[PDB]
$ cat entry.cif   # mmCIF, C-alpha atoms and all ligand atoms
data_entry
#
loop_
_atom_site.label_atom_id
_atom_site.label_comp_id
_atom_site.auth_asym_id
_atom_site.auth_seq_id
_atom_site.Cartn_x
_atom_site.Cartn_y
_atom_site.Cartn_z
CA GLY A 20 169.43 87.83 101.74
CA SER A 21 169.29 86.32 98.20
CA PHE A 22 170.74 82.91 97.15
CA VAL A 23 169.10 82.31 93.76
CA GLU A 24 171.38 79.33 92.91
CA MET A 25 170.07 77.45 96.01
CA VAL A 26 166.37 78.28 95.46
CA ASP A 27 164.35 75.22 94.40
CA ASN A 28 167.23 72.75 95.09
CA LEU A 29 164.92 70.28 96.84
CA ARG A 30 162.79 67.62 95.22
CA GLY A 31 160.69 64.77 96.39
CA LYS A 32 157.45 62.87 96.18
CA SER A 33 154.62 63.28 98.63
CA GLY A 34 155.15 61.06 101.65
CA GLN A 35 158.77 60.26 100.65
CA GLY A 36 160.56 63.37 101.98
CA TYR A 37 162.69 66.11 100.49
CA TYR A 38 166.10 65.45 99.04
CA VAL A 39 168.99 67.50 97.75
CA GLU A 40 171.65 66.54 95.20
CA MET A 41 175.11 65.97 96.65
CA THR A 42 178.44 64.73 95.25
CA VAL A 43 180.75 62.41 97.14
CA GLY A 44 184.30 61.36 96.19
CA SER A 45 186.76 62.14 93.38
CA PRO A 46 185.76 62.11 90.66
CA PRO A 47 182.33 63.25 91.97
CA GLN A 48 179.53 60.74 92.38
CA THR A 49 176.06 62.25 92.20
CA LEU A 50 173.51 61.03 94.81
CA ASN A 51 170.09 62.28 96.00
CA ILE A 52 170.08 62.69 99.75
CA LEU A 53 167.15 63.06 102.16
CA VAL A 54 167.34 66.28 104.18
CA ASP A 55 166.85 65.25 107.81
CA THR A 56 166.96 67.66 110.75
CA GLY A 57 166.02 64.77 113.00
CA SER A 58 169.31 62.84 112.82
CA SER A 59 173.04 63.54 112.71
CA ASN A 60 174.78 60.99 110.43
CA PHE A 61 175.66 61.40 106.80
CA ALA A 62 174.79 57.88 105.62
CA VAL A 63 174.57 56.73 102.01
CA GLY A 64 173.75 53.54 100.16
CA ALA A 65 177.03 51.86 99.18
CA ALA A 66 175.86 48.51 97.79
CA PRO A 67 173.34 47.48 95.06
CA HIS A 68 170.12 47.29 97.05
CA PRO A 69 167.49 46.70 94.33
CA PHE A 70 165.41 49.77 95.43
CA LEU A 71 168.33 52.14 94.85
CA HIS A 72 168.87 54.15 91.66
CA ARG A 73 172.49 54.93 92.59
CA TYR A 74 174.96 54.13 95.36
CA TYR A 75 178.35 55.23 96.67
CA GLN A 76 181.16 53.23 95.09
CA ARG A 77 184.13 53.74 97.40
CA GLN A 78 186.50 51.93 94.96
CA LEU A 79 186.02 54.70 92.34
CA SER A 80 187.24 57.47 94.68
CA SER A 81 190.88 58.57 95.19
CA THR A 82 190.01 60.77 98.14
CA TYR A 83 188.26 58.05 100.17
CA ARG A 84 189.74 57.16 103.56
CA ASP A 85 188.69 54.25 105.67
CA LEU A 86 188.05 54.87 109.33
CA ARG A 87 188.12 51.08 110.03
CA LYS A 88 185.04 51.26 112.19
CA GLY A 89 181.49 49.98 111.75
CA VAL A 90 178.18 51.41 112.95
CA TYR A 91 174.83 49.72 113.59
CA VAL A 92 171.75 51.96 113.79
CA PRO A 93 168.45 50.35 114.79
CA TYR A 94 165.22 52.36 114.86
CA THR A 95 161.60 51.51 115.79
CA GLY A 97 163.86 50.13 110.36
CA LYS A 98 167.64 49.69 110.71
CA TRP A 99 170.92 50.26 108.92
CA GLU A 100 174.52 49.18 109.23
CA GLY A 101 177.59 50.64 107.55
CA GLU A 102 181.29 51.30 107.40
CA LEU A 103 182.70 54.65 108.49
CA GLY A 104 185.07 56.65 106.32
CA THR A 105 185.70 60.16 105.03
CA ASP A 106 185.65 61.63 101.59
CA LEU A 107 185.28 64.91 99.73
CA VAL A 108 181.69 66.16 99.57
CA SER A 109 180.03 68.98 97.65
CA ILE A 110 176.50 70.31 97.00
CA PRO A 111 176.02 71.31 93.36
CA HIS A 112 173.10 73.68 94.07
CA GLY A 113 174.68 74.83 97.31
CA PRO A 114 177.64 76.94 98.32
CA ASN A 115 180.68 76.75 96.05
CA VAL A 116 182.78 74.60 98.41
CA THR A 117 184.19 71.10 98.92
CA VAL A 118 184.49 69.61 102.41
CA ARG A 119 186.03 66.41 103.82
CA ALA A 120 183.17 64.78 105.68
CA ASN A 121 182.38 61.63 107.54
CA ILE A 122 180.35 59.18 105.50
CA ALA A 123 178.68 56.02 106.70
CA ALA A 124 178.75 53.66 103.72
CA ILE A 125 175.51 51.69 104.17
CA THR A 126 176.10 47.99 103.54
CA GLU A 127 172.88 46.46 104.91
CA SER A 128 169.47 47.86 105.87
CA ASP A 129 165.87 46.92 106.60
CA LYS A 130 162.77 49.11 106.23
CA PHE A 131 165.09 52.08 105.75
CA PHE A 132 165.09 52.90 102.03
CA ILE A 133 161.71 53.46 100.40
CA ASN A 134 160.78 51.19 97.50
CA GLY A 135 159.91 53.64 94.69
CA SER A 136 161.75 56.75 96.00
CA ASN A 137 164.48 58.76 94.27
CA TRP A 138 166.90 59.13 97.19
CA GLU A 139 169.68 56.80 98.34
CA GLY A 140 171.04 58.39 101.50
CA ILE A 141 170.25 60.71 104.41
CA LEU A 142 171.87 63.98 105.49
CA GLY A 143 171.57 64.23 109.25
CA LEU A 144 171.65 67.94 110.09
CA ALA A 145 171.22 67.75 113.84
CA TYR A 146 174.00 67.78 116.41
CA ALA A 147 176.88 65.50 117.37
CA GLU A 148 175.34 64.36 120.64
CA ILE A 149 173.00 61.99 118.74
CA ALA A 150 175.46 60.93 116.04
CA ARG A 151 176.15 57.17 115.77
CA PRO A 152 178.13 55.57 117.13
CA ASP A 153 178.97 58.55 119.42
CA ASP A 154 179.60 62.33 119.48
CA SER A 155 183.15 62.03 118.15
CA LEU A 156 181.71 61.46 114.68
CA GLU A 157 181.52 65.04 113.47
CA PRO A 158 178.25 65.70 111.58
CA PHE A 159 178.37 67.03 108.06
CA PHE A 160 177.23 70.63 108.77
CA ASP A 161 179.82 70.95 111.57
CA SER A 162 182.54 69.95 109.08
CA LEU A 163 181.13 72.36 106.54
CA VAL A 164 181.33 75.28 108.99
CA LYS A 165 184.78 74.30 110.40
CA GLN A 166 186.41 74.01 106.93
CA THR A 167 184.84 76.94 105.08
CA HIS A 168 183.49 80.47 105.67
CA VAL A 169 179.90 79.25 105.21
CA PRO A 170 178.01 80.92 108.08
CA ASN A 171 176.66 78.62 110.77
CA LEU A 172 173.02 78.45 109.75
CA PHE A 173 170.71 76.95 107.17
CA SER A 174 167.07 77.43 106.32
CA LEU A 175 164.42 75.19 104.84
CA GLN A 176 161.34 75.86 102.77
CA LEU A 177 159.46 72.61 102.26
CA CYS A 178 156.59 72.93 99.74
CA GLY A 179 153.85 70.32 99.84
CA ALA A 180 151.35 69.16 97.15
CA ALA A 191 152.68 64.18 93.14
CA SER A 192 156.00 66.05 93.12
CA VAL A 193 157.17 68.26 95.97
CA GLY A 194 159.93 70.82 96.10
CA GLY A 195 161.51 73.54 98.11
CA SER A 196 164.74 75.16 99.11
CA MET A 197 167.59 74.46 101.44
CA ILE A 198 169.52 77.73 101.83
CA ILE A 199 172.88 76.77 103.22
CA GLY A 200 174.67 79.52 105.15
CA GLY A 201 171.85 82.05 104.95
CA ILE A 202 168.29 83.20 104.49
CA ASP A 203 166.46 84.07 101.28
CA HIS A 204 163.80 86.71 101.94
CA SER A 205 161.70 85.80 98.89
CA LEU A 206 160.91 82.46 100.60
CA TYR A 207 158.65 83.98 103.27
CA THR A 208 156.17 86.75 104.00
CA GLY A 209 155.88 88.88 107.14
CA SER A 210 158.44 88.54 109.90
CA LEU A 211 160.57 85.75 111.30
CA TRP A 212 159.87 84.78 114.93
CA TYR A 213 162.53 82.86 116.85
CA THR A 214 162.34 80.14 119.49
CA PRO A 215 165.41 79.06 121.45
CA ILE A 216 167.08 75.76 120.71
CA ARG A 217 166.86 74.38 124.26
CA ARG A 218 169.67 71.88 123.81
CA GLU A 219 171.91 71.15 120.87
CA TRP A 220 171.16 67.44 120.24
CA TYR A 221 167.98 67.27 118.27
CA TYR A 222 166.57 70.65 117.26
CA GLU A 223 164.79 70.81 120.59
CA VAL A 224 162.28 73.57 121.30
CA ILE A 225 159.58 74.26 123.89
CA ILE A 226 155.85 74.49 123.23
CA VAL A 227 154.05 76.63 125.81
CA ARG A 228 150.42 76.56 124.69
CA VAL A 229 148.21 74.72 122.25
CA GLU A 230 145.01 75.97 120.62
CA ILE A 231 142.46 74.29 118.36
CA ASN A 232 140.55 76.94 116.44
CA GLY A 233 141.61 79.47 119.09
CA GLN A 234 140.50 77.26 122.02
CA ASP A 235 143.20 76.54 124.54
CA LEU A 236 143.66 72.82 125.34
CA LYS A 237 144.32 73.98 128.91
CA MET A 238 146.84 71.24 129.79
CA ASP A 239 149.92 71.54 132.00
CA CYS A 240 152.34 72.72 129.32
CA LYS A 241 154.91 70.14 130.44
CA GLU A 242 152.71 67.55 128.73
CA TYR A 243 153.30 69.35 125.37
CA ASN A 244 157.01 68.61 125.72
CA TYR A 245 157.01 65.11 127.38
CA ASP A 246 159.76 64.12 126.95
CA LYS A 247 160.97 66.58 124.29
CA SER A 248 159.66 68.63 121.37
CA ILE A 249 161.70 68.66 118.15
CA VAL A 250 161.75 70.13 114.65
CA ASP A 251 162.20 67.26 112.17
CA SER A 252 162.16 67.46 108.35
CA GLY A 253 162.63 63.69 108.28
CA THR A 254 159.20 62.98 109.82
CA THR A 255 155.96 63.41 107.93
CA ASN A 256 153.41 63.81 110.72
CA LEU A 257 152.80 66.27 113.49
CA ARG A 258 153.41 63.81 116.26
CA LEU A 259 151.99 64.60 119.73
CA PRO A 260 152.45 63.01 123.17
CA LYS A 261 149.67 60.51 123.84
CA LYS A 262 147.71 62.68 126.36
CA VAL A 263 148.02 65.78 124.18
CA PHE A 264 146.99 63.85 121.10
CA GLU A 265 144.02 62.54 123.07
CA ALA A 266 142.93 66.06 124.03
CA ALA A 267 143.58 67.49 120.54
CA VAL A 268 141.54 64.84 118.72
CA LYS A 269 138.67 65.33 121.19
CA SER A 270 138.78 69.08 120.47
CA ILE A 271 139.26 68.64 116.68
CA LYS A 272 136.29 66.18 116.70
CA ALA A 273 134.13 68.74 118.51
CA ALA A 274 135.14 71.59 116.19
CA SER A 275 134.39 69.44 113.10
CA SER A 276 131.13 67.93 114.49
CA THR A 277 128.93 68.59 111.40
CA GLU A 278 130.32 65.34 109.92
CA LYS A 279 131.03 62.25 112.01
CA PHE A 280 133.99 59.99 111.18
CA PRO A 281 135.10 56.59 112.48
CA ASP A 282 137.60 56.37 115.36
CA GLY A 283 140.08 54.52 113.06
CA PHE A 284 140.45 57.64 110.87
CA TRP A 285 141.61 59.79 113.82
CA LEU A 286 143.99 56.98 114.78
CA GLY A 287 145.40 56.78 111.25
CA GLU A 288 144.12 53.19 110.88
CA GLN A 289 141.95 54.06 107.84
CA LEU A 290 141.58 56.83 105.26
CA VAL A 291 138.57 58.98 104.55
CA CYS A 292 137.58 59.82 100.96
CA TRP A 293 135.32 62.76 99.91
CA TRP A 300 138.71 71.95 104.52
CA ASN A 301 136.41 74.43 106.33
CA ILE A 302 134.83 71.55 108.24
CA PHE A 303 138.22 71.36 110.04
CA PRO A 304 139.88 73.75 112.58
CA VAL A 305 143.24 75.52 112.50
CA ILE A 306 145.85 74.31 114.96
CA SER A 307 148.15 76.74 116.76
CA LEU A 308 151.31 75.96 118.66
CA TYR A 309 152.76 78.71 120.88
CA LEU A 310 156.53 78.51 121.10
CA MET A 311 158.88 79.98 123.68
CA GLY A 312 160.10 83.38 122.49
CA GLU A 313 163.48 85.02 122.74
CA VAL A 314 162.58 87.19 125.73
CA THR A 315 161.44 86.37 129.27
CA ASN A 316 157.65 85.92 129.48
CA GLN A 317 157.31 86.41 125.66
CA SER A 318 155.96 83.84 123.17
CA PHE A 319 154.67 83.59 119.60
CA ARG A 320 152.16 81.44 117.78
CA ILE A 321 152.46 79.37 114.63
CA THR A 322 149.18 78.27 113.03
CA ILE A 323 148.53 75.49 110.49
CA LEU A 324 145.51 74.58 108.34
CA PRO A 325 143.84 71.24 107.58
CA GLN A 326 145.67 71.52 104.26
CA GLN A 327 148.82 70.73 106.28
CA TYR A 328 147.43 67.96 108.52
CA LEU A 329 144.97 66.18 106.17
CA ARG A 330 147.40 64.75 103.63
CA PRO A 331 146.22 63.31 100.31
CA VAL A 332 146.99 59.65 99.70
CA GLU A 333 147.36 59.38 95.92
CA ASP A 334 148.35 55.65 95.76
CA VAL A 335 144.89 54.15 96.53
CA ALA A 336 144.21 51.63 93.70
CA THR A 337 140.96 50.35 95.30
CA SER A 338 139.29 53.84 95.28
CA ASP A 341 139.98 61.14 96.59
CA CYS A 342 141.35 59.92 99.95
CA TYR A 343 143.19 61.61 102.85
CA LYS A 344 145.17 60.49 105.86
CA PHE A 345 144.95 62.24 109.24
CA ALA A 346 148.60 63.16 109.73
CA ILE A 347 148.54 64.03 113.43
CA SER A 348 149.50 61.04 115.48
CA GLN A 349 150.39 59.89 118.94
CA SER A 350 153.98 59.55 120.07
CA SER A 351 156.10 58.13 122.87
CA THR A 352 159.18 60.20 121.97
CA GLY A 353 157.61 63.65 122.41
CA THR A 354 156.26 66.20 119.98
CA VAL A 355 157.71 65.93 116.47
CA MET A 356 157.13 68.95 114.31
CA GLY A 357 157.44 67.17 111.01
CA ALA A 358 156.46 68.00 107.45
CA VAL A 359 152.89 68.79 108.63
CA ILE A 360 154.32 71.82 110.50
CA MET A 361 157.28 72.66 108.25
CA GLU A 362 155.26 72.84 105.04
CA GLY A 363 153.42 75.87 106.53
CA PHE A 364 156.61 77.79 107.19
CA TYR A 365 160.02 78.97 106.20
CA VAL A 366 162.21 77.58 108.97
CA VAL A 367 165.60 79.04 109.86
CA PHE A 368 167.97 76.80 111.83
CA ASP A 369 170.14 79.59 113.31
CA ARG A 370 172.80 77.43 114.86
CA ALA A 371 175.16 80.38 115.49
CA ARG A 372 172.55 81.87 117.86
CA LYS A 373 170.96 78.66 119.20
CA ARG A 374 167.54 79.47 117.80
CA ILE A 375 165.03 78.55 115.15
CA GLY A 376 163.05 81.13 113.17
CA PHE A 377 159.58 80.57 111.73
CA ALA A 378 157.85 82.71 109.11
CA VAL A 379 154.83 82.23 106.83
CA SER A 380 156.06 80.26 103.81
CA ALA A 381 155.55 81.88 100.37
CA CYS A 382 154.79 78.37 99.00
CA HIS A 383 152.43 77.01 101.69
CA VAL A 384 149.18 75.39 100.54
CA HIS A 385 146.12 77.39 101.59
CA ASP A 386 142.79 78.84 100.31
CA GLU A 387 140.79 82.09 99.99
CA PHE A 388 139.50 82.05 103.60
CA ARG A 389 142.42 80.91 105.78
CA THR A 390 146.22 81.11 105.66
CA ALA A 391 148.99 79.69 107.83
CA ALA A 392 150.28 82.31 110.28
CA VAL A 393 153.13 83.36 112.51
CA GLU A 394 152.07 85.97 115.10
CA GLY A 395 153.36 87.68 118.24
CA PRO A 396 154.32 88.81 120.69
CA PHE A 397 152.20 87.13 123.34
CA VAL A 398 152.62 87.21 127.11
CA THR A 399 153.17 83.72 128.56
CA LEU A 400 154.29 83.08 132.09
CA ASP A 401 156.29 80.10 133.45
CA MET A 402 157.53 78.99 130.03
CA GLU A 403 160.66 77.34 131.53
CA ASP A 404 158.37 75.00 133.50
CA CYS A 405 157.08 73.64 130.16
CA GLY A 406 160.37 71.81 129.60
CA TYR A 407 160.73 68.19 130.77
CA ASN A 408 163.69 67.20 132.96
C1 LIG A 501 166.76 58.56 110.01
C2 LIG A 501 165.26 58.86 110.10
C3 LIG A 501 164.50 58.44 108.86
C4 LIG A 501 163.63 59.32 108.24
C5 LIG A 501 162.93 58.95 107.09
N1 LIG A 501 162.06 59.93 106.54
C6 LIG A 501 161.17 59.77 105.54
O1 LIG A 501 161.05 58.77 104.84
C7 LIG A 501 160.30 60.97 105.31
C8 LIG A 501 159.14 60.87 104.54
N2 LIG A 501 158.37 61.94 104.30
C9 LIG A 501 158.75 63.10 104.84
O2 LIG A 501 158.03 64.22 104.68
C10 LIG A 501 156.88 64.16 103.82
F1 LIG A 501 157.28 64.26 102.56
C11 LIG A 501 159.92 63.21 105.60
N3 LIG A 501 160.69 62.14 105.82
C12 LIG A 501 163.15 57.70 106.51
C13 LIG A 501 164.02 56.80 107.11
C14 LIG A 501 164.68 57.18 108.27
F2 LIG A 501 165.53 56.30 108.82
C15 LIG A 501 164.79 58.04 111.31
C16 LIG A 501 163.29 58.11 111.54
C17 LIG A 501 162.84 57.31 112.76
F3 LIG A 501 161.54 57.48 113.03
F4 LIG A 501 163.02 55.99 112.60
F5 LIG A 501 163.51 57.66 113.85
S1 LIG A 501 162.74 59.83 111.80
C18 LIG A 501 164.07 60.74 111.15
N4 LIG A 501 164.03 62.02 111.40
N5 LIG A 501 165.13 60.28 110.39
#

$ encode --input "entry.cif" --output "structure tokens"
Amino acid sequence: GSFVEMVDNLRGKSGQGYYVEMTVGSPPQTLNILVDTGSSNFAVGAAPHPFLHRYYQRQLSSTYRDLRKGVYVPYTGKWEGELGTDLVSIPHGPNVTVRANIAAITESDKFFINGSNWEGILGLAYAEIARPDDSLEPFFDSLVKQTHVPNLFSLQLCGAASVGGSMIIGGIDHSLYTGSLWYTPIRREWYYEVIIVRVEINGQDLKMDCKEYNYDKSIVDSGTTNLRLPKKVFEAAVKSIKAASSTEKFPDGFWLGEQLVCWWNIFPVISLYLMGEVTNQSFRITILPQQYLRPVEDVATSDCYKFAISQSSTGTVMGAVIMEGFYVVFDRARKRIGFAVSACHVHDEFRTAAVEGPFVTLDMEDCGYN
């Protein structure tokens, strides 16, 4: 209900993600760690990459144990490291110390951000996508196995430049949201996979076969900035967003994220309906242009914004563009994810982000890709 010591334990800069302070080893080494519900490894800088403020020094730790195994993790950047275990704690988190797997990062490319204040990543998703395989127990799994911390965590990510928010570990803080929580099932415990059953732009249904909304999956990912949509869905959404915002024209490159525009009510709300807890029942989460038109503050050659909805080949990714609207409860114990209106979300006098239900939606199981 109330975890005041964990409130406001997240920091970041716009476009660089949200991080939490952790300690690794004995005596404790303080590191800032990106909170990532889209991956499953605890991986920290362990060598003096010039972009890093701090890094894990295994030689200074008496509780370090070598697993004598390496791991190589390419993405569409990359990183490589050495697997071990050590004692891990979260200063503005529950009062516990856990022995966790750590990938000591020894080489990387396009992974760390030049100018950011974090030097590792906390993968909070499930073992099935852990590298090199599902035998490497993710951090949160170790946390639950070794303590009486309940098997859930919740995230309030606050946008718009410093950002902040809260990671409530083992519970929910009711001051972080307004109205009620609405829950969608976690379809499979790998990513935080969910099913989208309907899409509306300013209340107008896109009218697509709902399978296309989830081709080939839909996930909830704090480690991605954009709302990413499958190519066909993105196509249809931009078309509809263009129509709704017709009073001004804009170049095609802007909608494709290939150029910024410099200059809210011009733009429509976007609603995703998610599978509910009950047969034939759904609910709707709604975001504003405040969430999906993101300011780009680092423009030396210019008040510019990037269109932060983009096309994807890996499915829908509900990134920061979605999560900044909402308090999001990752209720692992019950295989579900709760959304509520965030008490910190950016909005105006006319429109607010919303979570509403129940709605009647048939054939919701058919929306999943197999
Ligand atoms: C592990 C990986 C990854 C994420 C990031 N994330 C950011 O830099 C970032 C920036 N801003 C954000 O919000 C706005 F503030 C959020 N997150 C960086 C490196 C990285 F490796 C992999 C990423 C993937 F796309 F390569 F798969 S996605 C993914 N889920 N995890």

$ residues_around --input "entry.cif" --residues "residue 52 of chain A" --least-positions-apart "3" --cutoff "6 Å" --atoms "all atoms listed in the file" --output "PDB file with C-alpha atoms, in the coordinates of the input"
ATOM      1  CA  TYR A  38     166.100  65.450  99.040  1.00  0.00           C
ATOM      2  CA  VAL A  39     168.990  67.500  97.750  1.00  0.00           C
ATOM      3  CA  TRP A 138     166.900  59.130  97.190  1.00  0.00           C
ATOM      4  CA  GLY A 140     171.040  58.390 101.500  1.00  0.00           C
ATOM      5  CA  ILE A 141     170.250  60.710 104.410  1.00  0.00           C
TER       6      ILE A 141
END

$ closest_atom_pairs --input "entry.cif" --of "chain A" --to "ligand LIG 501 (chain A)" --cutoff "6 Å" --atoms "all atoms listed in the file" --output "JSON lines"
{"residue": "A:33", "atom": "CA", "partner": "A:LIG501", "partner_atom": "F1", "distance": 4.8}
{"residue": "A:34", "atom": "CA", "partner": "A:LIG501", "partner_atom": "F1", "distance": 4.0}
{"residue": "A:35", "atom": "CA", "partner": "A:LIG501", "partner_atom": "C8", "distance": 4.0}
{"residue": "A:36", "atom": "CA", "partner": "A:LIG501", "partner_atom": "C9", "distance": 3.4}
{"residue": "A:55", "atom": "CA", "partner": "A:LIG501", "partner_atom": "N4", "distance": 5.6}
{"residue": "A:57", "atom": "CA", "partner": "A:LIG501", "partner_atom": "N4", "distance": 3.8}
{"residue": "A:58", "atom": "CA", "partner": "A:LIG501", "partner_atom": "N5", "distance": 5.5}
{"residue": "A:94", "atom": "CA", "partner": "A:LIG501", "partner_atom": "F4", "distance": 4.8}
{"residue": "A:95", "atom": "CA", "partner": "A:LIG501", "partner_atom": "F4", "distance": 5.7}
{"residue": "A:131", "atom": "CA", "partner": "A:LIG501", "partner_atom": "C13", "distance": 5.0}
{"residue": "A:251", "atom": "CA", "partner": "A:LIG501", "partner_atom": "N4", "distance": 5.6}
{"residue": "A:252", "atom": "CA", "partner": "A:LIG501", "partner_atom": "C11", "distance": 5.5}
{"residue": "A:253", "atom": "CA", "partner": "A:LIG501", "partner_atom": "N3", "distance": 3.5}
{"residue": "A:254", "atom": "CA", "partner": "A:LIG501", "partner_atom": "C11", "distance": 4.3}
{"residue": "A:255", "atom": "CA", "partner": "A:LIG501", "partner_atom": "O2", "distance": 3.9}
{"residue": "A:358", "atom": "CA", "partner": "A:LIG501", "partner_atom": "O2", "distance": 4.9}

$ closest_atom_pairs --input "entry.cif" --of "segment 228-256 of chain A" --to "segment 274-291 of chain A" --cutoff "12 Å" --atoms "only C-alpha atoms" --output "JSON lines"
{"residue": "A:230", "atom": "CA", "partner": "A:274", "partner_atom": "CA", "distance": 11.7}
{"residue": "A:231", "atom": "CA", "partner": "A:274", "partner_atom": "CA", "distance": 8.1}
{"residue": "A:232", "atom": "CA", "partner": "A:274", "partner_atom": "CA", "distance": 7.6}
{"residue": "A:233", "atom": "CA", "partner": "A:274", "partner_atom": "CA", "distance": 10.6}
{"residue": "A:234", "atom": "CA", "partner": "A:274", "partner_atom": "CA", "distance": 9.7}
{"residue": "A:256", "atom": "CA", "partner": "A:287", "partner_atom": "CA", "distance": 10.7}

$ atom_distance --input "entry.cif" --atom1 "atom CA of residue 155 of chain A" --atom2 "atom CA of residue 361 of chain A"
29.7 Å

$ atom_distance --input "entry.cif" --atom1 "atom CA of residue 266 of chain A" --atom2 "atom CA of residue 317 of chain A"
25.0 Å

$ residues_around --input "entry.cif" --residues "residue 267 of chain A" --least-positions-apart "2" --cutoff "10 Å" --atoms "only C-alpha atoms" --output "number ranges by chain"
A: 229-231, 235-236, 259, 261-265, 269-273, 306, 347

$ axis_aligned_box --input "entry.cif" --around "segment 311-328 of chain A" --padding-each-side "4 Å" --output "lines of an AutoDock Vina configuration file"
center_x = 153.7
center_y = 77.6
center_z = 116.9
size_x = 27.6
size_y = 27.2
size_z = 33.2

$ closest_residue --input "entry.cif" --among "A:213, A:397, A:221, A:343" --to "residue 372 of chain A" --atoms "only C-alpha atoms"
A:213

$ closest_residue --input "entry.cif" --among "A:29, A:175, A:305, A:198" --to "residue 321 of chain A" --atoms "only C-alpha atoms"
A:305

$ residues_around --input "entry.cif" --residues "residue 217 of chain A" --least-positions-apart "2" --cutoff "12 Å" --atoms "only C-alpha atoms" --output "PyMOL selection string"
chain A and resi 214-215+219-226+244+247-250+310-313+370+372-375+402-403+405-408

$ residues_around --input "entry.cif" --residues "segment 108-114 of chain A" --least-positions-apart "4" --cutoff "8 Å" --atoms "only C-alpha atoms" --output "PyMOL selection string"
chain A and resi 24-25+28+40-44+118-120+169+198-200

$ write_last_selection --input "entry.cif" --atoms "C-alpha atoms" --output "CSV table (one decimal), keeping the file's coordinate frame"
chain,number,residue,atom,x,y,z
A,24,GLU,CA,171.4,79.3,92.9
A,25,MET,CA,170.1,77.4,96.0
A,28,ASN,CA,167.2,72.8,95.1
A,40,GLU,CA,171.6,66.5,95.2
A,41,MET,CA,175.1,66.0,96.6
A,42,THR,CA,178.4,64.7,95.2
A,43,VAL,CA,180.8,62.4,97.1
A,44,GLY,CA,184.3,61.4,96.2
A,118,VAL,CA,184.5,69.6,102.4
A,119,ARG,CA,186.0,66.4,103.8
A,120,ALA,CA,183.2,64.8,105.7
A,169,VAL,CA,179.9,79.2,105.2
A,198,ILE,CA,169.5,77.7,101.8
A,199,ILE,CA,172.9,76.8,103.2
A,200,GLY,CA,174.7,79.5,105.2

$ atom_distance --input "entry.cif" --atom1 "atom CA of residue 392 of chain A" --atom2 "atom CA of residue 320 of chain A"
7.8 Å

$ closest_residue --input "entry.cif" --among "A:351, A:356, A:171, A:384" --to "residue 327 of chain A" --atoms "all atoms listed in the file"
A:384

$ residues_around --input "entry.cif" --residues "residue 79 of chain A" --least-positions-apart "4" --cutoff "9 Å" --atoms "only C-alpha atoms" --output "JSON, numbers by chain"
{"A": [44, 45, 46, 48, 75, 83]}

$ closest_residue --input "entry.cif" --among "A:324, A:121, A:240, A:72" --to "residue 389 of chain A" --atoms "only C-alpha atoms"
A:324

$ closest_residue --input "entry.cif" --among "A:335, A:163, A:346, A:308" --to "residue 115 of chain A" --atoms "all atoms listed in the file"
A:163

$ closest_residue --input "entry.cif" --among "A:180, A:172, A:62, A:124" --to "residue 142 of chain A" --atoms "only C-alpha atoms"
A:62

$ decode --input "entry.cif" --residues "segment 219-229 of chain A" --atoms "N, CA and C atoms" --output "JSON list (two decimals), in the first residue's frame"
[["chain", "number", "residue", "atom", "x", "y", "z"],
["A", 219, "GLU", "N", 5.25, -16.11, -19.97],
["A", 219, "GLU", "CA", 6.33, -15.60, -19.16],
["A", 219, "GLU", "C", 7.68, -15.73, -19.88],
["A", 220, "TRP", "N", 7.95, -14.79, -20.79],
["A", 220, "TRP", "CA", 9.27, -14.67, -21.44],
["A", 220, "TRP", "C", 9.65, -13.19, -21.41],
["A", 221, "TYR", "N", 9.23, -12.45, -22.42],
["A", 221, "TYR", "CA", 8.92, -11.04, -22.28],
["A", 221, "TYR", "C", 7.65, -10.86, -21.42],
["A", 222, "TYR", "N", 7.32, -9.61, -21.12],
["A", 222, "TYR", "CA", 6.04, -9.29, -20.53],
["A", 222, "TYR", "C", 5.06, -9.16, -21.67],
["A", 223, "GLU", "N", 4.63, -10.32, -22.15],
["A", 223, "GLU", "CA", 3.76, -10.41, -23.33],
["A", 223, "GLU", "C", 2.28, -10.24, -22.99],
["A", 224, "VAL", "N", 1.60, -9.41, -23.76],
["A", 224, "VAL", "CA", 0.20, -9.11, -23.54],
["A", 224, "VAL", "C", -0.49, -9.15, -24.89],
["A", 225, "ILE", "N", -1.81, -9.05, -24.90],
["A", 225, "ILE", "CA", -2.57, -9.05, -26.14],
["A", 225, "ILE", "C", -3.40, -7.78, -26.29],
["A", 226, "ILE", "N", -3.25, -7.12, -27.43],
["A", 226, "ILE", "CA", -4.03, -5.96, -27.80],
["A", 226, "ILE", "C", -5.16, -6.42, -28.70],
["A", 227, "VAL", "N", -6.37, -5.96, -28.37],
["A", 227, "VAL", "CA", -7.59, -6.50, -29.01],
["A", 227, "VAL", "C", -8.29, -5.48, -29.88],
["A", 228, "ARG", "N", -7.96, -4.20, -29.72],
["A", 228, "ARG", "CA", -8.56, -3.16, -30.52],
["A", 228, "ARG", "C", -7.71, -1.91, -30.43],
["A", 229, "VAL", "N", -7.69, -1.13, -31.51],
["A", 229, "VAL", "CA", -6.96, 0.11, -31.53],
["A", 229, "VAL", "C", -7.85, 1.23, -32.04]]
